[PDB]
Amino acid sequence: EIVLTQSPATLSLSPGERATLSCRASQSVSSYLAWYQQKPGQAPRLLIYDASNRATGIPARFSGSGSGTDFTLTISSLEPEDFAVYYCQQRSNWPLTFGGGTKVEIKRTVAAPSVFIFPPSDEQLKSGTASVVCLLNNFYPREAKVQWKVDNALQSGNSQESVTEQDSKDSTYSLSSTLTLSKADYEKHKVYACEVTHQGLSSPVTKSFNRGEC
Amino acid sequence: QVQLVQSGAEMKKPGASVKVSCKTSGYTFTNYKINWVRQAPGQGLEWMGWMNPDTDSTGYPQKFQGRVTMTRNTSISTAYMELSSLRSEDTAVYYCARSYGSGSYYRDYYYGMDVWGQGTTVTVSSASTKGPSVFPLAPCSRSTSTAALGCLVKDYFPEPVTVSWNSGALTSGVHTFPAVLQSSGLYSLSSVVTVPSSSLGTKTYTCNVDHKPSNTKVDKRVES
Ligand SMILES: [Cl-]
Ligand SMILES: [Cl-]
Ligand SMILES: [Cl-]
C-alpha cells in the first residue's frame, strides 16, 4: 500500500506569512491527491482535489501543486482561521491512504510559565489514593520539562499530563500534571515538589509544599 | 441544503459490535457515494471503505474485510456502518463522508470527500458507566501576585465531561484540560482558574461538573 509522508509534522508561523506544506508518496499516485483541513472537534474539510483544483467555496490563498510523487499545498498568506492540521490523501490506489498531518501553529514571543502546585485534598485521602497536581500556566513554546520530586526522590512513570490547545487570545499553552500515590506512600513522606524547565526562564523553577505543614 | 447527521456516542465491550447510522438530506441520496473514515484520539485518518446507495455496492480495504458491513435504506436516505469483533484499538471518532458517484472517467476518485457528518465517538473498553468524584485544587496558603484554583474530576466513564465556574459567570482565566486515560480504564481531568490574589477571601469559587452518561452533576466549592 502507498505510504504518504508529510513534512514537517509541525510548523510555527505568524499570521500573514506564507505556508508551504509537503506531501511525499512512496510510489506514484499520478495526480489523484487531495488536501483536507481539520480543526479540533470538527470534521475534516476538503481544500484541494486532484492535486491542484480548489474545492467549491475554498478561498484563493490555498493552492496545491505537484504530480506523481511530490506535492505541495500553499497557503499564500495565513489568516487566524488557517491554523489547523492539514492532511493529504492519495486516491489512486487502495486503500486510500492519508498522510500523518502537518500542524500549523501560531508563532509568538517566548513566554515563561507561572507554576502552581496543589496537595491532595482531605476529601480524597479517605479513599486511599493521593493525587498531587502541578500547573504550568500560559507558556510558549510547547516544550517544557516537569519533574516530580518526593523527599528529593525523582518520580518517573507514576504521573500523567496533558496540555491545552494554543490559547484563543494570546496563543499560549497550559499544562497539568498529576502524580498519583497510594495514601500509605503519601503519608510516609514530607516534602513534595514540582520542578519545571522552560526556554523562558534562565533557571529551573521549583514549587513545593510540606505534607501536614499546610 | 446538504447535511449528514450521524447517531450518538456509543460505548461497547470488547467482542461486541457497533452500528453507526448516517442520515443525509438536501440532495439525491442515490447519486453520491458514502464513505466511512475513522480517527483515533490524537491520531490521523483511516478510510474504512465506501458504498454506492444506487447499486448497493460496497468495497472495503483488506484491513477491514470480514469486520465492516455497509448498508443503506433508500426510503429514509440513511447509510449505516457496522463494525464487529471490537477491540479497544477500535476506539475512535467515526465519520461518514459523501463523494461524487459513478463515475465517468474515475471521477469518483477525481473528486474528494466534500461533506462530512459531525462524527460519532465510539469507545471500546471493558470499563462500565461510572460518575466522577470531584476534588478541590487549592494552594497551601494565601501566599506572600495572582493565584490559581481548581477541580479535579477523577474516575469517570465514558467521556465527555463539561466544567464551568460559578455557574458559567466566570470565563476569563479558565483552562480545562483534555482528559487522561488512567491504567484502571477510567478517565480523569482537571480544570483551573487564575485569579488575582486580592480577591481570594472575597468571592466564592465553585466549579460545575456535569457527566451526562451517568446523569450526575456536582457543584463543588473551592477555598484555602
Ligand atoms: Cl476562511
Ligand atoms: Cl507526620
Ligand atoms: Cl435491496
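Method of determination for the deposited model, per the PDB record: X-ray crystallography, at 2.51 Å resolution.

**Looking at the interface of chain B and chain A**
Listed per partner, the contact involves 44 residues of chain B and 41 residues of chain A. Summed over both partners, the interface of chain B with chain A comes to about 3,700 Å²; 66% of that surface belongs to carbon and sulfur atoms. Residue A:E123 is joined to B:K220 by a salt bridge in which the shortest nitrogen-to-oxygen separation is 3.7 Å. The tally of links between chain B and chain A comes to 13 residue pairs in polar contact. Residue assignment for the side of chain B that touches chain A shows that the elements contributing at least two residues are β5 (46-52), α1 (107-110), β12 (133-137), β13 (146-156), β15 (174-176), β16 (180-181) and β17 (187-196) of chain B. Ranked by residues supplied to the side of chain B that touches chain A, first place goes to β13(B) with six residues.

**Considerations on the packing of aromatic side chains**
In total, this model carries 18 aromatic pairs over all chains according to the counting rule given. An angle of 15° between the planes, with centres 6.0 Å apart, marks the rings of A:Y140 and A:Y173 as stacked. In this pair, A:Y140 is assigned in the loop between β12 (129-139) and β13 (145-150) and A:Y173 in strand β16 (residues 173-182), connecting sequence segments 33 residues apart. With respect to burial, A:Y140 and A:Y173 carry one shared label: buried. With centroids separated by 5.5 Å and ring planes inclined at 75°, the aromatic side chains of B:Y95 and B:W116 adopt a geometry described as edge-to-face. Here B:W116 lies in strand β10 (residues 115-116) and B:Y95 lies in strand β9 (residues 92-100), a separation of 21 residues in the sequence. Across this residue pair, the class does not change: B:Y95 and B:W116 are buried. In this structure an aromatic cluster arises from ring pairing among A:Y49, B:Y27, B:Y32, B:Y100, B:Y110 and B:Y111.

**Description of the domain arrangement of chain A**
Residue and element names in this part refer to chain A. Examined at the domain level, chain A breaks down into domain 1 (1-108) and domain 2 (109-214). The C-alpha-based centres of domain 1 and domain 2 are spaced at 37 Å. Contact with domain 1, which involves seven residues of that partner, is made by nine residues of domain 2. A combined buried area of about 720 Å² lies between domain 1 and domain 2, and 37% of that area is made up of carbon and sulfur atoms. Here domain 1 and domain 2 share one salt bridge between them. At the junction of domain 1 with domain 2, the criterion picks out six residue pairs in polar contact. Among the elements that make up the side of domain 1 that touches domain 2, the one with the highest residue count is strand β10 (residues 102-106) (three residues). For the side of domain 1 that touches domain 2, the class distribution of residues is two nonpolar, one polar and four charged.

**Notes on the nonpolar core**
With 45 residues, the main nonpolar core has A:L33, A:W35, A:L47, A:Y86 and B:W116 as its most contacted residues. When sequence neighbours within four positions are dropped, the list of residues in contact with A:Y86 reads A:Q6, A:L21, A:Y36, A:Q37, A:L47, A:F62, A:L73, A:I75, A:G101, A:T102 and A:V104. Membership of the second largest hydrophobic core comes to 24 residues, among which are B:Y27, B:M48, B:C96 and B:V124.

**Quick notes on the sheet that holds β13(A)**
All names here are of chain A. Read across the open sheet, the four strands follow the order β14-β13-β17-β18; overall the sheet is antiparallel. Of all the strands in the sheet, the pair left with one neighbour each is β14 (153-155) and β18 (205-210). Taken over all neighbouring pairs, the strand axes of this sheet differ in orientation by 25° on average, direction set aside. Of the strand pairs in this sheet, β13 and strand β17 (residues 191-197) are connected by six bridges, and their pairing is antiparallel. Residue pairing across strands places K149 opposite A193, the latter belonging to β17.

**Remarks on the domain arrangement of chain B**
Residue and element names in this part refer to chain B. Domains assigned within chain B are domain 1 (1-126) and domain 2 (127-224). In this structure, domain 1 and domain 2 have C-alpha centres spaced 36 Å apart. At the interface, five residues of domain 1 touch seven residues of domain 2. Summing both partners gives a buried area of about 450 Å² for domain 1 against domain 2, and 54% of it is carried by carbon and sulfur. The largest share of the area that domain 1 buries against domain 2 comes from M11, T123 and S125, three residues that together contribute 71% of it. Across the contact surface, domain 1 and domain 2 share zero salt bridges. Inspection of the region where domain 1 meets domain 2 yields three residue pairs in polar contact.

**What to know about the environment of B:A169**
All names here are of chain B. Relative to the helices and strands, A169 is located in the loop between β14 (162-165) and β15. Residue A169 is classed as exposed on the basis of its relative accessible area, which comes to 72%. For the pair formed by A169 and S183, sequence separation is 14 residues and the distance between their alpha carbons is 35 Å.

Criteria and cut-off values
- Sequence order sets the numbers: each chain starts from 1, possibly unlike the entry numbering, and residues with no coordinates are not included.
- Here chains are named by letter from A upward and ligands by number from 1 upward, in the order in which they appear as written.
- To get the side-chain values, take all heavy atoms of the structure and skip hydrogens and water.
- A contact between two residues is defined here by any heavy atoms of the two lying within 4.5 Å.
- Buried area is a sum: the accessible area each of two parts loses on coming together, probed at 1.4 Å, counted once for each and added.
- Any carboxyl oxygen of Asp or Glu that lies within 4 Å of a side-chain nitrogen of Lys or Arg is treated as forming a salt bridge with it.
- Here a polar contact means two N or O atoms within 3.5 Å. Within protein one must be a hydrogen donor candidate and the other an acceptor candidate, and residues neighboring in sequence count only if both atoms are side-chain atoms.
- Working definition: helices are DSSP H or I runs of at least four residues, strands are E runs of at least two. Numbering for both runs from the N terminus.
- Two aromatic rings from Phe, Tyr or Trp, using only the six-membered ring of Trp, form a pair when their centres are within 6.5 Å; if the ring planes differ by under 30 degrees the pair is stacked, by over 60 it is edge-to-face, and anything between is tilted.
- Throughout this description, buried means an accessible area under 20% of the type-specific maximum (1.4 Å probe, protein chains only), exposed means over 50%, and partly exposed covers the range between.
- All the domain ranges listed were derived from an automatic or database domain assignment.
- Throughout this entry, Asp, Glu, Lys and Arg are counted as charged residues, while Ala, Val, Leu, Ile, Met, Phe, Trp, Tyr, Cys and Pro are counted as nonpolar. The remaining residues, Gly among them, count as polar.
- As used here, the term nonpolar core means buried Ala, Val, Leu, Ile, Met, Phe, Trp, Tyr and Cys residues forming a set that is joined through side-chain atoms within 4.5 Å.
- Strands qualify as paired when DSSP identifies two bridges or more between them.
- Axis angles are defined between N-to-C directions and span 0 to 180 degrees, where every axis is a line fitted to C-alpha atoms and, for a helix, only to the segment in contact.

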